[PDB]
Each structure stands twice: as structure tokens, then as C-alpha cells.
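Take a look at this single chain, the form deposited in one PDB entry, given in C-alpha cells.
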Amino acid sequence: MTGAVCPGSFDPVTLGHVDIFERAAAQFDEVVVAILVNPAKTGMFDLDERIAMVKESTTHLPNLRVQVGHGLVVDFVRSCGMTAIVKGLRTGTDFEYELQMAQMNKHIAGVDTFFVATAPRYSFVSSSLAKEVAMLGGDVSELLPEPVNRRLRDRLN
């Protein structure tokens, strides 16, 4: 009964996120994707849309499920009966801040954090940058699941 949580805001989910989902799914018996929305920061997609996009991109992963989190990621992790977090690393990641959170999460709840480097082809995509480029007419279709592409296309007119 091994398990890991993949936390994030996923606004929207990218192929960078999916690559990490797939690696977590391959190495742990169970994997929970936790969508932790910021109560102060409203992004582009609403919670239901973010859930849909994640679920639409992870139908091929039987041991993975999507779930909404509130408050501490470690509280969510423990409520799943798990003690592990898996985080992706890419080009631009604030790794020092990821390390700070990792140590903090370990300190407050005994939760381990495992970092894994995203595949090179998906190493420069992030949610905020994909949105920025897309909303200015740039083609990021290869850097996002097709369901996400369909929805970004809907917001052109």
C-alpha cells in the first residue's frame, strides 16, 4: 500500500505535469493528484474545469485519482493515508523554494518529498507561460494535452 501525492494548482495541467503523474504512477501503488486552489489568487480556469482537464489527461493511469485539497498539503497527504509527495522539476523551477517547502513539510508532518526531472521535451512548459503565449496567439499545442488545447481555443472568441 505505497502512495504519493502530486499537489498543484494545475491552471491548466500541462504535459510536464502528466509526465510526472506517469512516473509517480509507475513507482507507487497509489497516486493522488491534489488540486490545491489559492483562495487569494484566481487564475484562468475554475476548479471544475481544472479537475476535468486533469481527469481528461489521466484516463490511462488506473492507480491515479484526482481529488480537491483544502489547507495544508501535508493534511491532505495524511488524510489519504500516505506519507509522500512527488514534485516535478523543470526549466525555471524555483528549486530553493521547493527545497524550503520540502523541509518544512517534513518537519511539520513527517512527509517526504521526492523530486523528479520532467522529460526534456516538456521541460520548459509551465501553466503561466503556456497561458501567456497562448493568449497572445502562440502555438503551445504540443506542450499541452489535447483536451487543454481545445479549451484554450474556446477562449479566443
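All residue numbers are counted from 1 along the displayed sequence. Superpose the two forms; the largest set of C-alphas matching within 1.5 Å is the rigid core.
Below, we refer to the form deposited in another entry, which is not included among the displayed structures.
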{"item": "Mobile residue between this form and the one not shown, C-alpha criterion 2 Å or more, rigid core, from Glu132, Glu49, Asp112, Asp94", "value": "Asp94"}
{"item": "Pair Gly92/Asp112, Cα separation in the other entry versus the displayed form, closer or farther by 3 angstroms or more", "value": "closer"}
{"item": "Residue pair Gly92, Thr58 - Cα distance in the other entry, closer or farther (3 Å or more)", "value": "farther"}
